[PDB]
Structures are given as structure tokens and as C-alpha cells.
Amino acid sequence: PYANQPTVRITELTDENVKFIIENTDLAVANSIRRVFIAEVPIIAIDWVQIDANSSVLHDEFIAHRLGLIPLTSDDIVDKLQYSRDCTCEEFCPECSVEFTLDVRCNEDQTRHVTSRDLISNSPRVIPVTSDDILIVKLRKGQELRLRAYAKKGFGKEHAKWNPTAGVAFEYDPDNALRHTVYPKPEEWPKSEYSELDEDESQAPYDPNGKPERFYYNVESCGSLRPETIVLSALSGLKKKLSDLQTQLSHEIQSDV
Amino acid sequence: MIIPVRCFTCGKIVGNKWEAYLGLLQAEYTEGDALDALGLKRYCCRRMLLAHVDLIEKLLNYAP
Amino acid sequence: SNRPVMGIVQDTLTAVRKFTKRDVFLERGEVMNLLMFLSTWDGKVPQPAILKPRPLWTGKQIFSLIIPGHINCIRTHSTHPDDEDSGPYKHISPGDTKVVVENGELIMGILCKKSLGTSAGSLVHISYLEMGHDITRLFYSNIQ
Amino acid sequence: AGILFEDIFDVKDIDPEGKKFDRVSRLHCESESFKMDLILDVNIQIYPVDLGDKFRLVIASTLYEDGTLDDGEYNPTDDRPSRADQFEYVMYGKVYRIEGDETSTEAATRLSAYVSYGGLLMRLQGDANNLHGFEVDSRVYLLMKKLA
Amino acid sequence: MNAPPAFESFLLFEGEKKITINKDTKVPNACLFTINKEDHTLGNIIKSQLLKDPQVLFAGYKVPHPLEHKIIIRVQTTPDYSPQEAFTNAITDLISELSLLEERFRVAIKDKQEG
Amino acid sequence: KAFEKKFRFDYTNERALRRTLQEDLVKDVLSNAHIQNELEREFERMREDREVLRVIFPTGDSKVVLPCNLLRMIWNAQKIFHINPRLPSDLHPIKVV
Ligand SMILES: [Zn+2]
Ligand SMILES: [Zn+2]
């Protein structure tokens, strides 16, 4: 029984970012947490595009690539949805995917902007985050885009479109008391926003017994999940990976004996 | 050809900011001010819009 | 040219010079990570060079585990002053510019191209002449 | 006891040539009892040393102060009483050279013992009788305790 | 032409063991844990949690090849402690820390949202 | 002068022999002239080799390329057998010759 006893302080919480501090953790746990924010927090994104008509100046898989990157609301439906690989249905079904439609024709002289607002989902829980709107393609008069897409569950470790973060700022030891980074000329380096030093001194005095214990986070959200949901989803997902691992380890230990 | 949906570096959505960015420049904003107004703080995202070339406008001139 | 044709190169050569500096100290966790990448490791963690106030292993200590067998080599660092060999500190180098590998252990000296590159008398050359190609093969990969 | 050498040294110079390395300083110390000259590389970051500092230096072949050989492997879990508990700065090294004023016929009156503590070098000069416990290729422990 | 599927880094193909334990013959009380479809995420926390155990003599992990998706964790314990027992305790300590972290983050959100 | 001092075995100096050789070995070296004759022949052969070298390398460049590294082999032997340079040796000079 040598578990840490982390404490959490949330400094800033908006609709886009959550700023918080974790204290009394190992650097490995703090790094694995940010590393799960990016790669192992599931969301719903378009991963299956079928284009019926595309007269735009962008080729078919150019459009599909853009549709995959469009963030979709995933706050609570993502937990309910199953992985299409795990689901027992056919290619797709409502329990493992969300169907999308896009049918735009340009007939006016003015350029028609095909945006995420033109994506229509079969489930109100999963919609483009913008509903300015993300531009998919611009249509000239006489050009049309007619496609149907399926959005499925996934996480950033597979493709960056399932990464829910727009930048995870991670920091520790802002005053470099541990000297994990050695400045050739410390006076030349800007103070961290979390620096507690005075203007006169550039580095905190070296701490021989110090260890990384306090970690600063700024988890910005793409929009698919609330920033606080990304953190909670990461903490439960990381716990799930460990609990799943221990179940396998228990079998291996039992199997050997 | 068209504004990328996400910033290449961090994945922030930038494909809904090109028209707003152009409008701000129309409003006599400097490029730095317009990027700040759009919330693009990291220079990776500012790179996306500051260096974008909208060739799709030229392509729409050609009849389908 | 009766010398090795391949040696240590861009990153490993630049880093091994930094690694074998006198003032490189590794914590318990850092050392255990490095030994994971030592295929020839016997599994015994060496006694740290510094035991108190904190256990710290030097870079030379960890590199000594990489060195195969019990080869003995004498080289000089690229920045070795010419008059140091004639001075009162010939065998205790102020700059750590004298490379002595004795009984397979790097007891002093900063390793560089002169002691790890493709030159006759190189520590890599001794490994081949003493331990053979198979052990020298592992020596190359373990350094990297 | 398993102690090869013990004395009290006073730091005379910290880096006469200059600061060759950031985290390591070369102490030039002299003893007052045995009049042994000491050159020592110290991890100055974790164990700062100042000019004129007085410290007790012990060179021992074992830390257990019971005659039991350590065998030269890291054993943090060992609970056996250790001589290191009384000292602040403990280093483990290997003596790699023993020089002396010996001639073809006459023996050595002054002996120099060189020890490498994982690359940190120590030279211990003085009368030969004071360094008789030093044998090349032998593992020794350096134990330092600053005296107020 | 030779691009592996993206899912291959976290999905086990049929007949693949998630974790295998191999005794280390070099030294006593040492085992090698080969975990499939894992990366530095779990390798680092398990390694760092093991290093907190006073009965663990050696704890270390490695990704043998970035293009492969294996982590090898080497654990050496004291004679009275088993590497497998250290591994299980390390995960429980990690799970307890994560579960406690989840609870304290939820409280922080509620306090921040409330005012 | 340097060549003779460094390579000619000195079986006349009793004190020097005690430092380098063991007691049972110095007596044999000092007692019988058959061993001393062998040592004298050894230096004469070395002196002949010295003149041959001068012809082969008139420039005096002693750096050569040869199969076996004798100096490192000796260094290996010292470490393998834990030779103590301070103590007198038990290797009879004649066994070397
Ligand atoms: Zn389904
Ligand atoms: Zn960005």
C-alpha cells in the first residue's frame, strides 16, 4: 500500500479550457494523465464517408478527411456508444455509430459555403460542435455535394480526429528548483506564469531532496467534450486500462501456478 | 486550397476562423490583432491563418 | 588500415561525450531505465559512486557496464592539453581528458571520437581484438 | 574495523585551475595530523564545500564496520548497521594507481594513492606507512563528515 | 504500401496475450513482464509505482521498438517478496490513486461551478 | 646509455634484485654464472637487434605495425592474475629468456 494521495485545485474553468493543479503525485502519473488526455479519451468522429455526388473543386477523400476532423458533440453519448469493432451488429447501427447526411447544391451566383451546419445527424446528441461554422468546401453555381457519413467512437491513439484536446499545457517546477533543465544563462529566460520568484532572481535555489510533486495543467477542449469531462474521462479511462491489465495479470499468475 | 479544419500542431479548430479573420482584416485590424481577436494565442495556430492561401477562391472561377 | 571501419556516430557520439563527463550523476530511477537497454547486463545493479547524501551513479559507471569483458585501453580526449602529461596531475586529470579503461571499467576520462570512433587503438578496436566480433557487435548496439 | 585510512583535512583550494565541471569541484586539502595531501573530486551540488572547511575523511574497505565484504553491489534493502550512518558524504570507488618515491634499491618514503569514485578522482599523498592499506584494484569507501 | 492499421497499436490480434510473465534467470526474484499493445502510458506509471515499493530492488520498463507495441517491465524484489506480488500491488496503488484523483477532481469541479 | 640501463639485466646489485625478485630467485641469479651467462647473451642478442633496427628504420621512427599487441597483452596479464607491481616477482629471469 504505497498509493499517492493527490490533491486537485481547479484554477480556471471555462467552456473551452480547464486549468488545474495536481499535487502529491509522481511525474509518471502526471505525465500519463496528460498523455491520456490526448490519446485515450474516447470521442465520436466521422470515420466512414460515402459520397454520392461531389462536383466541388475538392476531390472525394479531401472532403472525407475534412469531415473526419469536424468535432462532434460527445459529452454523454460517447459513454453509451459501443466501439463498432465490439458491437455485435453489422457494419453500423445506432448503438455503435451516428449517421450523418450532407446534401448541398449551389444554384445562386453567390458562392455557397458548405459548413458543418449542413451536416445533419440522425441523433440529436451527436452534432457538430459549431451548432462560426467550420467550412467543409465552397461550392460554385452548378456544383453539389451529396454524401452520407457515419461517426463512430474512437480515441486519439488511433487518429488525431478522436483527440479531444486543442493543446494540453503541462508544467512542473516552474522555478527550476530541481534543475531538471539547466539554463546556460538563467537571467535570459522568461519567468513561468506559475513562477513564485521575485523579479530579481531567475532560478529558485537548488533543492537536492526535491522531487516533482506539483503539476500544472491547462486542458483546452476542441469542443467534443467539456474540458472537465476530458479530465474525468481520462482518469477513468486510465484506471480502466490498469484494471483491465490486472485482470489479465491475475489470469497469467494463476495460469503459471 | 482551403483553410485546414484543425491546427496541424495542437488540433485546435481553425476552419471556422478564416472568414472571420478576413472580415477583421477588412475592419482595418492588423494581422496580429485579428489573430488575437479570434483567440489564436499559440503561434502554431496563428501560423495556420497567417500563412494560409485560399486557392479555392481561384478554383471556383473555373466553370465546373 | 588495420582499424575499425564503423564506430559511434552523430547522436550517440555527441551524447556519450556528455554522458562520460565527470559531473554526470544518475538517480536510481534513471539508472534502472538505462539498464533496461543493456542486453549484456548481468542483472546486478552496481554500487553507486555516491552513496550519501543520495545514491547517485556516474555516467562512467553505467558506461563501464557497456564495456565488454575486461579490456584495457588508454586514450586522450580531444580537448586534452599537451602539457598535462608533463604536469603534476598526469594520472589525476583536472579536465577528465585522459581516458583509462582498466579491467573493462572506465575509471576516468571523457569518451569521444578518439576513443570510440574509427581509429586504431580505439576502445571499439580493442573490443574487437580482444572479445571478437560477436561481443563487439553487442558493444556497438549497447552504446547506442 | 576495516578502515584503511582516517584523518581530518582542511580545504585549501576549491578549484585552483578553474571550474572544469559545474556539479563537481576539485578539493585540494591538507591534513594536520598525518600531513597527508589530498586532492578530491566532490559532487559540489549535493555536498557543497567551502574554503577552509574542516572535515573527517575515512577510507574504508567496507561500510558494515564488522569486517564483512560488501561484494560491490547495490543493496539498499540491507538493514545491517553501516559506518555510513555516521558520515554525510559517502563515495564508493576503486584504487587504480599507487605511486611512490621508491628507487631501484631503497623503498618508498612517500606514497600516492589514486582512487576513482565512478570517475571522481582522489589522490592521497603522504608517508608510505599511512597508506599501507591501499592495494591497487581494491574497492574502497570514502566517507566525509564536515566538522564545525 | 506497408502502412500498419492504426488500431494495431492498441488492439490485440487473436491468439495474443495481453501480458506474459517470464522468470529472469540472471538474478533471483526477478521477472520480465511483456505487455502487448501498451506504450509509455502504462509502462511509466507502473515503473514509477514499483520504485515506490521498498521491497522492489529493480524496476524498469522499455519499449523495445517504437514500431512494435510491446513494453517489457523488469521487476526485481527481495527474497521474501515476489515480482508478481509487487506488480499487483503497484497496479492497486495506481488504481487507488486514480480513483481518489477522480473523486477529488469531481469535488473541485462542483466547488468551482458552484462559486 | 639508456638502452643498456633499461634492457641489460643487472645481476650484480643485490639490493635491487631483492626489490624485484623473491629471495629464492635472487640467490639463484647471484650464485651460478650459467644463468648470468644466459642473461648476458640475452642483452647481446638485444644489442644485435638494436643495430638491425637502425638499418631497417634509419629515420628512427619506432612506430611499427605488428601482429600482437604485447604491451596490452602484458596489461591483460597483470589484471587477470592480479599482479602487484609493488611486491617482488616469483618469475625467474631465466624462465623469461
Ligand atoms: Zn452496432
Ligand atoms: Zn495550434
# chains A, B, ... in the order shown; residues from 1 in each chain; ligands from 1

call {"tool": "residues_around", "arguments": {"residues": "residue B:55", "least_positions_apart": "6", "cutoff": "10 Å", "atoms": "only C-alpha atoms", "output": "PyMOL selection string"}}
result
chain B and resi 1-3

call {"tool": "residues_near_ligand", "arguments": {"ligand": "ligand 2", "cutoff": "9 Å", "atoms": "only C-alpha atoms and all ligand atoms", "output": "PyMOL selection string"}}
result
(chain A and resi 166-167) or (chain B and resi 6-14+40-48)

call {"tool": "write_last_selection", "arguments": {"atoms": "N, CA, C and O atoms", "output": "PDB file, in the first residue's frame"}}
result
ATOM      1  N   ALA A 166      -7.310  20.609 -27.682  1.00  0.00           N
ATOM      2  CA  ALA A 166      -6.694  21.592 -28.558  1.00  0.00           C
ATOM      3  C   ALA A 166      -5.401  22.141 -27.979  1.00  0.00           C
ATOM      4  O   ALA A 166      -5.129  23.335 -28.128  1.00  0.00           O
ATOM      5  N   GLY A 167      -4.616  21.304 -27.310  1.00  0.00           N
ATOM      6  CA  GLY A 167      -3.403  21.735 -26.650  1.00  0.00           C
ATOM      7  C   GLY A 167      -3.478  21.492 -25.158  1.00  0.00           C
ATOM      8  O   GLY A 167      -4.322  22.075 -24.474  1.00  0.00           O
TER       9      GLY A 167
ATOM     10  N   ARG B   6      -8.331  21.782 -38.641  1.00  0.00           N
ATOM     11  CA  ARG B   6      -7.623  21.871 -37.375  1.00  0.00           C
ATOM     12  C   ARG B   6      -6.248  22.477 -37.589  1.00  0.00           C
ATOM     13  O   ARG B   6      -5.676  22.397 -38.679  1.00  0.00           O
ATOM     14  N   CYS B   7      -5.724  23.086 -36.534  1.00  0.00           N
ATOM     15  CA  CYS B   7      -4.308  23.412 -36.497  1.00  0.00           C
ATOM     16  C   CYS B   7      -3.491  22.126 -36.542  1.00  0.00           C
ATOM     17  O   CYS B   7      -3.792  21.160 -35.838  1.00  0.00           O
ATOM     18  N   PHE B   8      -2.454  22.113 -37.380  1.00  0.00           N
ATOM     19  CA  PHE B   8      -1.673  20.894 -37.561  1.00  0.00           C
ATOM     20  C   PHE B   8      -0.969  20.479 -36.280  1.00  0.00           C
ATOM     21  O   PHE B   8      -0.766  19.285 -36.042  1.00  0.00           O
ATOM     22  N   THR B   9      -0.596  21.446 -35.446  1.00  0.00           N
ATOM     23  CA  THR B   9       0.254  21.168 -34.296  1.00  0.00           C
ATOM     24  C   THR B   9      -0.553  20.667 -33.105  1.00  0.00           C
ATOM     25  O   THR B   9      -0.261  19.606 -32.546  1.00  0.00           O
ATOM     26  N   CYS B  10      -1.569  21.423 -32.695  1.00  0.00           N
ATOM     27  CA  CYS B  10      -2.318  21.115 -31.488  1.00  0.00           C
ATOM     28  C   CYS B  10      -3.716  20.580 -31.752  1.00  0.00           C
ATOM     29  O   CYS B  10      -4.325  20.019 -30.835  1.00  0.00           O
ATOM     30  N   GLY B  11      -4.238  20.721 -32.965  1.00  0.00           N
ATOM     31  CA  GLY B  11      -5.563  20.227 -33.270  1.00  0.00           C
ATOM     32  C   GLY B  11      -6.688  21.183 -32.959  1.00  0.00           C
ATOM     33  O   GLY B  11      -7.853  20.778 -33.015  1.00  0.00           O
ATOM     34  N   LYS B  12      -6.382  22.430 -32.615  1.00  0.00           N
ATOM     35  CA  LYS B  12      -7.419  23.433 -32.435  1.00  0.00           C
ATOM     36  C   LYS B  12      -8.146  23.671 -33.750  1.00  0.00           C
ATOM     37  O   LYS B  12      -7.547  23.629 -34.826  1.00  0.00           O
ATOM     38  N   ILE B  13      -9.448  23.916 -33.663  1.00  0.00           N
ATOM     39  CA  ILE B  13     -10.258  24.142 -34.854  1.00  0.00           C
ATOM     40  C   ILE B  13      -9.989  25.541 -35.383  1.00  0.00           C
ATOM     41  O   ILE B  13     -10.163  26.535 -34.671  1.00  0.00           O
ATOM     42  N   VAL B  14      -9.560  25.617 -36.639  1.00  0.00           N
ATOM     43  CA  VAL B  14      -9.278  26.887 -37.296  1.00  0.00           C
ATOM     44  C   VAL B  14     -10.083  27.073 -38.571  1.00  0.00           C
ATOM     45  O   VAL B  14     -10.026  28.159 -39.164  1.00  0.00           O
ATOM     46  N   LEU B  40      -6.591  32.898 -31.228  1.00  0.00           N
ATOM     47  CA  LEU B  40      -5.433  32.087 -31.600  1.00  0.00           C
ATOM     48  C   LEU B  40      -4.214  32.647 -30.882  1.00  0.00           C
ATOM     49  O   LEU B  40      -3.565  33.585 -31.345  1.00  0.00           O
ATOM     50  N   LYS B  41      -3.900  32.058 -29.730  1.00  0.00           N
ATOM     51  CA  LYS B  41      -2.804  32.529 -28.894  1.00  0.00           C
ATOM     52  C   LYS B  41      -1.503  31.797 -29.193  1.00  0.00           C
ATOM     53  O   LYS B  41      -0.453  32.429 -29.334  1.00  0.00           O
ATOM     54  N   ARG B  42      -1.551  30.471 -29.279  1.00  0.00           N
ATOM     55  CA  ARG B  42      -0.364  29.708 -29.635  1.00  0.00           C
ATOM     56  C   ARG B  42       0.077  30.067 -31.046  1.00  0.00           C
ATOM     57  O   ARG B  42      -0.746  30.150 -31.962  1.00  0.00           O
ATOM     58  N   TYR B  43       1.380  30.280 -31.224  1.00  0.00           N
ATOM     59  CA  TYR B  43       1.873  30.659 -32.539  1.00  0.00           C
ATOM     60  C   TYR B  43       1.731  29.540 -33.560  1.00  0.00           C
ATOM     61  O   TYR B  43       1.866  29.803 -34.757  1.00  0.00           O
ATOM     62  N   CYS B  44       1.455  28.312 -33.122  1.00  0.00           N
ATOM     63  CA  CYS B  44       1.137  27.251 -34.070  1.00  0.00           C
ATOM     64  C   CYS B  44      -0.190  27.523 -34.773  1.00  0.00           C
ATOM     65  O   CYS B  44      -0.313  27.298 -35.980  1.00  0.00           O
ATOM     66  N   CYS B  45      -1.193  27.998 -34.032  1.00  0.00           N
ATOM     67  CA  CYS B  45      -2.483  28.310 -34.640  1.00  0.00           C
ATOM     68  C   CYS B  45      -2.418  29.603 -35.439  1.00  0.00           C
ATOM     69  O   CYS B  45      -3.009  29.701 -36.520  1.00  0.00           O
ATOM     70  N   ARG B  46      -1.720  30.613 -34.919  1.00  0.00           N
ATOM     71  CA  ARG B  46      -1.512  31.834 -35.686  1.00  0.00           C
ATOM     72  C   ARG B  46      -0.821  31.535 -37.005  1.00  0.00           C
ATOM     73  O   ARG B  46      -1.113  32.176 -38.020  1.00  0.00           O
ATOM     74  N   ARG B  47       0.090  30.561 -37.009  1.00  0.00           N
ATOM     75  CA  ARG B  47       0.733  30.136 -38.245  1.00  0.00           C
ATOM     76  C   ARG B  47      -0.293  29.648 -39.259  1.00  0.00           C
ATOM     77  O   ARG B  47      -0.157  29.899 -40.461  1.00  0.00           O
ATOM     78  N   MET B  48      -1.331  28.949 -38.794  1.00  0.00           N
ATOM     79  CA  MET B  48      -2.309  28.368 -39.707  1.00  0.00           C
ATOM     80  C   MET B  48      -3.000  29.440 -40.539  1.00  0.00           C
ATOM     81  O   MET B  48      -3.103  29.320 -41.764  1.00  0.00           O
TER      82      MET B  48
END

call {"tool": "interface_residues", "arguments": {"of": "chain C", "to": "chain D", "cutoff": "7 Å", "atoms": "only C-alpha atoms", "output": "PyMOL selection string"}}
result
chain C and resi 22-23+44-53+58+60-61+92+95+107-108

call {"tool": "select_by_dssp", "arguments": {"residues": "chain B", "states": "alpha helix (DSSP H)", "output": "ChimeraX atom specification"}}
result
/B:18-26,31-37,43-50,56-59

call {"tool": "write_last_selection", "arguments": {"atoms": "N, CA, C and O atoms", "output": "mmCIF file, in the first residue's frame"}}
result
data_model
loop_
_atom_site.group_PDB
_atom_site.id
_atom_site.type_symbol
_atom_site.label_atom_id
_atom_site.label_comp_id
_atom_site.auth_asym_id
_atom_site.auth_seq_id
_atom_site.Cartn_x
_atom_site.Cartn_y
_atom_site.Cartn_z
ATOM 1 N N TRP B 18 -11.460 31.436 -40.811
ATOM 2 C CA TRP B 18 -10.916 32.105 -41.987
ATOM 3 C C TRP B 18 -11.788 33.280 -42.408
ATOM 4 O O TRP B 18 -11.283 34.380 -42.655
ATOM 5 N N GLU B 19 -13.101 33.066 -42.505
ATOM 6 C CA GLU B 19 -13.990 34.157 -42.888
ATOM 7 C C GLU B 19 -13.981 35.263 -41.842
ATOM 8 O O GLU B 19 -13.952 36.451 -42.183
ATOM 9 N N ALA B 20 -14.006 34.893 -40.561
ATOM 10 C CA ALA B 20 -13.902 35.893 -39.507
ATOM 11 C C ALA B 20 -12.567 36.620 -39.577
ATOM 12 O O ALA B 20 -12.502 37.839 -39.387
ATOM 13 N N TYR B 21 -11.489 35.884 -39.844
ATOM 14 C CA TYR B 21 -10.176 36.503 -39.983
ATOM 15 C C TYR B 21 -10.153 37.492 -41.139
ATOM 16 O O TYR B 21 -9.602 38.590 -41.015
ATOM 17 N N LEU B 22 -10.743 37.119 -42.276
ATOM 18 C CA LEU B 22 -10.801 38.032 -43.412
ATOM 19 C C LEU B 22 -11.636 39.259 -43.085
ATOM 20 O O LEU B 22 -11.272 40.383 -43.448
ATOM 21 N N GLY B 23 -12.765 39.065 -42.403
ATOM 22 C CA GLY B 23 -13.592 40.199 -42.031
ATOM 23 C C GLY B 23 -12.871 41.168 -41.117
ATOM 24 O O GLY B 23 -12.984 42.385 -41.273
ATOM 25 N N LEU B 24 -12.119 40.643 -40.149
ATOM 26 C CA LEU B 24 -11.373 41.513 -39.248
ATOM 27 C C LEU B 24 -10.335 42.325 -40.009
ATOM 28 O O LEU B 24 -10.172 43.525 -39.762
ATOM 29 N N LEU B 25 -9.628 41.692 -40.946
ATOM 30 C CA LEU B 25 -8.685 42.433 -41.775
ATOM 31 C C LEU B 25 -9.399 43.500 -42.592
ATOM 32 O O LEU B 25 -8.847 44.577 -42.839
ATOM 33 N N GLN B 26 -10.629 43.216 -43.024
ATOM 34 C CA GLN B 26 -11.420 44.232 -43.707
ATOM 35 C C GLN B 26 -11.749 45.396 -42.783
ATOM 36 O O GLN B 26 -11.939 46.524 -43.248
ATOM 37 N N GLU B 31 -2.920 42.054 -38.701
ATOM 38 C CA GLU B 31 -2.964 40.596 -38.665
ATOM 39 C C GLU B 31 -2.796 40.077 -37.243
ATOM 40 O O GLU B 31 -3.496 39.147 -36.829
ATOM 41 N N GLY B 32 -1.874 40.662 -36.480
ATOM 42 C CA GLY B 32 -1.696 40.238 -35.102
ATOM 43 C C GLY B 32 -2.927 40.492 -34.252
ATOM 44 O O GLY B 32 -3.310 39.655 -33.433
ATOM 45 N N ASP B 33 -3.552 41.657 -34.426
ATOM 46 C CA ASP B 33 -4.773 41.960 -33.685
ATOM 47 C C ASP B 33 -5.905 41.024 -34.082
ATOM 48 O O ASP B 33 -6.646 40.536 -33.221
ATOM 49 N N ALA B 34 -6.056 40.758 -35.382
ATOM 50 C CA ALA B 34 -7.125 39.877 -35.835
ATOM 51 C C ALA B 34 -6.956 38.474 -35.271
ATOM 52 O O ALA B 34 -7.933 37.843 -34.850
ATOM 53 N N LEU B 35 -5.722 37.963 -35.254
ATOM 54 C CA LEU B 35 -5.483 36.645 -34.678
ATOM 55 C C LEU B 35 -5.799 36.633 -33.189
ATOM 56 O O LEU B 35 -6.377 35.669 -32.678
ATOM 57 N N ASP B 36 -5.419 37.693 -32.475
ATOM 58 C CA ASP B 36 -5.763 37.794 -31.061
ATOM 59 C C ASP B 36 -7.271 37.846 -30.866
ATOM 60 O O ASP B 36 -7.809 37.217 -29.948
ATOM 61 N N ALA B 37 -7.971 38.596 -31.719
ATOM 62 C CA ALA B 37 -9.421 38.694 -31.603
ATOM 63 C C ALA B 37 -10.091 37.342 -31.784
ATOM 64 O O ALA B 37 -11.149 37.090 -31.196
ATOM 65 N N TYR B 43 1.380 30.280 -31.224
ATOM 66 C CA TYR B 43 1.873 30.659 -32.539
ATOM 67 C C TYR B 43 1.731 29.540 -33.560
ATOM 68 O O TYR B 43 1.866 29.803 -34.757
ATOM 69 N N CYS B 44 1.455 28.312 -33.122
ATOM 70 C CA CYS B 44 1.137 27.251 -34.070
ATOM 71 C C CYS B 44 -0.190 27.523 -34.773
ATOM 72 O O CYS B 44 -0.313 27.298 -35.980
ATOM 73 N N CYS B 45 -1.193 27.998 -34.032
ATOM 74 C CA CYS B 45 -2.483 28.310 -34.640
ATOM 75 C C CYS B 45 -2.418 29.603 -35.439
ATOM 76 O O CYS B 45 -3.009 29.701 -36.520
ATOM 77 N N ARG B 46 -1.720 30.613 -34.919
ATOM 78 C CA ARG B 46 -1.512 31.834 -35.686
ATOM 79 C C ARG B 46 -0.821 31.535 -37.005
ATOM 80 O O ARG B 46 -1.113 32.176 -38.020
ATOM 81 N N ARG B 47 0.090 30.561 -37.009
ATOM 82 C CA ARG B 47 0.733 30.136 -38.245
ATOM 83 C C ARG B 47 -0.293 29.648 -39.259
ATOM 84 O O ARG B 47 -0.157 29.899 -40.461
ATOM 85 N N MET B 48 -1.331 28.949 -38.794
ATOM 86 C CA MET B 48 -2.309 28.368 -39.707
ATOM 87 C C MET B 48 -3.000 29.440 -40.539
ATOM 88 O O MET B 48 -3.103 29.320 -41.764
ATOM 89 N N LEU B 49 -3.496 30.490 -39.888
ATOM 90 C CA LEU B 49 -4.247 31.531 -40.578
ATOM 91 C C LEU B 49 -3.339 32.585 -41.190
ATOM 92 O O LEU B 49 -3.627 33.099 -42.274
ATOM 93 N N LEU B 50 -2.246 32.917 -40.506
ATOM 94 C CA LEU B 50 -1.339 33.942 -41.003
ATOM 95 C C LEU B 50 -0.688 33.527 -42.314
ATOM 96 O O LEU B 50 -0.345 34.387 -43.132
ATOM 97 N N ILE B 56 -8.943 27.988 -53.162
ATOM 98 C CA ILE B 56 -10.264 27.518 -53.562
ATOM 99 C C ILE B 56 -11.055 28.644 -54.210
ATOM 100 O O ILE B 56 -11.907 28.399 -55.069
ATOM 101 N N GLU B 57 -10.784 29.892 -53.824
ATOM 102 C CA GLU B 57 -11.439 31.019 -54.477
ATOM 103 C C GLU B 57 -11.076 31.080 -55.955
ATOM 104 O O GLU B 57 -11.940 31.321 -56.805
ATOM 105 N N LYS B 58 -9.800 30.868 -56.280
ATOM 106 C CA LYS B 58 -9.397 30.818 -57.680
ATOM 107 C C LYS B 58 -10.043 29.640 -58.396
ATOM 108 O O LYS B 58 -10.479 29.770 -59.544
ATOM 109 N N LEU B 59 -10.111 28.483 -57.737
ATOM 110 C CA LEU B 59 -10.670 27.300 -58.379
ATOM 111 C C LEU B 59 -12.152 27.471 -58.683
ATOM 112 O O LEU B 59 -12.653 26.901 -59.658
#

call {"tool": "residues_around", "arguments": {"residues": "residue F:39", "least_positions_apart": "4", "cutoff": "7 Å", "atoms": "only C-alpha atoms", "output": "PyMOL selection string"}}
result
chain F and resi 9+35+43

call {"tool": "write_last_selection", "arguments": {"atoms": "N, CA, C and O atoms", "output": "PDB file, in the first residue's frame"}}
result
ATOM      1  N   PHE F   9      69.931  -6.838 -17.892  1.00  0.00           N
ATOM      2  CA  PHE F   9      69.636  -7.323 -16.552  1.00  0.00           C
ATOM      3  C   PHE F   9      70.844  -7.119 -15.650  1.00  0.00           C
ATOM      4  O   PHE F   9      71.975  -7.443 -16.023  1.00  0.00           O
ATOM      5  N   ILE F  35      73.244 -19.045 -15.411  1.00  0.00           N
ATOM      6  CA  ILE F  35      72.119 -18.137 -15.601  1.00  0.00           C
ATOM      7  C   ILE F  35      72.621 -16.752 -15.985  1.00  0.00           C
ATOM      8  O   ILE F  35      72.066 -16.102 -16.877  1.00  0.00           O
ATOM      9  N   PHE F  43      71.124  -9.837 -23.531  1.00  0.00           N
ATOM     10  CA  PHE F  43      71.391  -8.444 -23.874  1.00  0.00           C
ATOM     11  C   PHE F  43      72.187  -8.338 -25.166  1.00  0.00           C
ATOM     12  O   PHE F  43      71.937  -7.445 -25.983  1.00  0.00           O
TER      13      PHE F  43
END

call {"tool": "residues_around", "arguments": {"residues": "residue E:84", "least_positions_apart": "6", "cutoff": "12 Å", "atoms": "only C-alpha atoms", "output": "short mmCIF file (atom, residue, chain, number, x, y, z; two decimals) with C-alpha atoms, in the first residue's frame"}}
result
data_model
loop_
_atom_site.label_atom_id
_atom_site.label_comp_id
_atom_site.auth_asym_id
_atom_site.auth_seq_id
_atom_site.Cartn_x
_atom_site.Cartn_y
_atom_site.Cartn_z
CA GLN A 246 -4.64 -6.51 -13.64
CA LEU A 249 -2.19 -10.33 -14.94
CA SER A 250 -4.31 -12.29 -12.46
CA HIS A 251 -5.01 -14.95 -15.10
CA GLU A 252 -1.33 -15.14 -16.06
CA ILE A 253 -0.27 -15.54 -12.43
CA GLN A 254 -2.96 -18.18 -11.91
CA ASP A 256 1.55 -20.25 -14.35
CA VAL A 257 0.76 -21.81 -10.97
CA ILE E 19 0.67 -9.79 -20.54
CA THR E 20 3.15 -12.64 -20.13
CA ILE E 21 5.47 -13.31 -17.19
CA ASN E 22 8.94 -14.77 -17.76
CA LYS E 23 11.32 -15.50 -14.90
CA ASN E 29 13.45 -12.85 -7.60
CA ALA E 30 13.39 -11.12 -10.99
CA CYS E 31 10.65 -11.44 -13.60
CA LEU E 32 10.10 -9.90 -17.03
CA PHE E 33 6.59 -8.72 -17.86
CA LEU E 50 7.13 -0.05 -8.35
CA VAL E 56 11.38 -3.79 -5.10
CA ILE E 73 8.81 -4.41 -17.48
CA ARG E 74 11.63 -5.90 -15.41
CA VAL E 75 10.90 -6.18 -11.68
CA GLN E 76 13.31 -7.50 -9.05
CA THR E 77 12.18 -7.81 -5.44
CA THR E 78 13.63 -9.01 -2.16
CA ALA E 90 1.68 -1.45 -7.90
CA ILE E 91 -1.48 -1.54 -10.02
#

call {"tool": "residues_around", "arguments": {"residues": "stretch 128-142 of chain C", "least_positions_apart": "2", "cutoff": "9 Å", "atoms": "only C-alpha atoms", "output": "list in words"}}
result
residues 4, 7, 8, 37, 38, 39, 40, 66, 67, 68, 69, 70, 71, 123, 124, 125, 126 and 144 of chain C

call {"tool": "write_last_selection", "arguments": {"atoms": "C-alpha atoms", "output": "short mmCIF file (atom, residue, chain, number, x, y, z; two decimals), in the first residue's frame"}}
result
data_model
loop_
_atom_site.label_atom_id
_atom_site.label_comp_id
_atom_site.auth_asym_id
_atom_site.auth_seq_id
_atom_site.Cartn_x
_atom_site.Cartn_y
_atom_site.Cartn_z
CA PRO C 4 37.64 -0.38 -37.24
CA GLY C 7 32.22 3.47 -34.87
CA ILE C 8 29.90 5.65 -32.81
CA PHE C 37 18.58 -1.14 -22.72
CA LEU C 38 21.75 -3.11 -21.88
CA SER C 39 21.37 -6.52 -23.50
CA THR C 40 24.59 -7.85 -21.93
CA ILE C 66 28.52 -1.44 -21.51
CA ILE C 67 32.25 -2.06 -21.99
CA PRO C 68 32.63 -5.79 -22.78
CA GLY C 69 34.82 -8.24 -20.95
CA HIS C 70 37.86 -6.81 -19.18
CA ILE C 71 39.60 -4.86 -21.92
CA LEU C 123 38.16 1.26 -27.33
CA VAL C 124 35.97 -0.26 -30.04
CA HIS C 125 39.11 -1.58 -31.74
CA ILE C 126 40.29 -3.22 -28.52
CA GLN C 144 23.60 3.34 -28.92
#

call {"tool": "atom_distance", "arguments": {"atom1": "atom CA of residue A:55", "atom2": "atom CA of residue A:136"}}
result
13.5 Å

call {"tool": "residues_around", "arguments": {"residues": "residue A:242", "least_positions_apart": "6", "cutoff": "12 Å", "atoms": "only C-alpha atoms", "output": "JSON, numbers by chain"}}
result
{"A": [32, 235, 236, 248, 249], "E": [18, 19, 35, 38, 41, 42, 43, 45, 46, 87, 88, 89, 90, 91, 92, 93, 94, 95, 96, 97, 98, 99]}

call {"tool": "residues_near_ligand", "arguments": {"ligand": "ligand 1", "cutoff": "6 Å", "atoms": "only C-alpha atoms and all ligand atoms", "output": "PyMOL selection string"}}
result
chain A and resi 84+87-89+92-93+95-96

call {"tool": "interface_residues", "arguments": {"of": "chain E", "to": "chain D", "cutoff": "8 Å", "atoms": "only C-alpha atoms", "output": "JSON, numbers by chain"}}
result
{"E": [54, 55, 57, 78]}
